[PDB]
Amino acid sequence: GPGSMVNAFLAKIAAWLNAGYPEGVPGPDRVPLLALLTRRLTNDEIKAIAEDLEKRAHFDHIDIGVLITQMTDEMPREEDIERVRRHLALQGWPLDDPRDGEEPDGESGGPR
């Protein structure tokens, strides 16, 4: 099964999440989970998570992508984002050290 499948960071995320949720993530926690998660992870990464997990099984309708579609429209709750992030922090906080995190910079203000 698992054998250097996904990137190091992504493997950490999948494990970290599946460690915090061995029973799966319910919607009320999924939405804020994604809100928190998508902060520093790219579309390719968030997908990579799903891509790895479905390799295990995609019978579950706990899909991770759908949450982003909800978030783009309406945010869940700050309280829920708080409860989930801290609940997950118990297992770890990989989002602090991205294996690839070159944040863009194209600022053009202009004094006179």
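Laboratory data are not the source of any read-out in this text; all were calculated from the coordinates shown. Please note: Cβ atoms are built from the backbone with ideal geometry, for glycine as well, and neighbour counts cover all protein chains shown.
For q values of 0.12, 0.20, 0.22 Å⁻¹, compute log₁₀ I(q)/I(0) with the Debye formula on a Cα-only model of the chain, without solvent.
Here log10 of I(q) over I(0) equals -0.44, -1.14, -1.36.
What dipole magnitude, in Debye to the nearest 20, does the chain give about its Cα centre under +1 on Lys/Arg Cβ and -1 on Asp/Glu Cβ? Don't skip to the answer; put the middle values down first.
Working: 13 positive and 22 negative charges, 47 e Å.
With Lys and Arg at +1 and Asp and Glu at -1, about 220 debye.
Taking the 0 to 90 degree range and rounding to the nearest ten, how far is the long axis of helix 27-37 tilted relative to the main principal axis of the chain, both from C-alpha atoms?
40
Determine, for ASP96, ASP60, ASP52, the number of other Cβ atoms within 10 Å of each Cβ, and report the residues in order from fewest to most. Write out the running numbers ahead of the final one.
Values: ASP96 8, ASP60 11, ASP52 19.
The most exposed by this proxy come first: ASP96, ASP60, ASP52.
List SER108, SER4 from most exposed to least, where exposure is judged by having the fewest other Cβ atoms within 10 Å.
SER108, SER4
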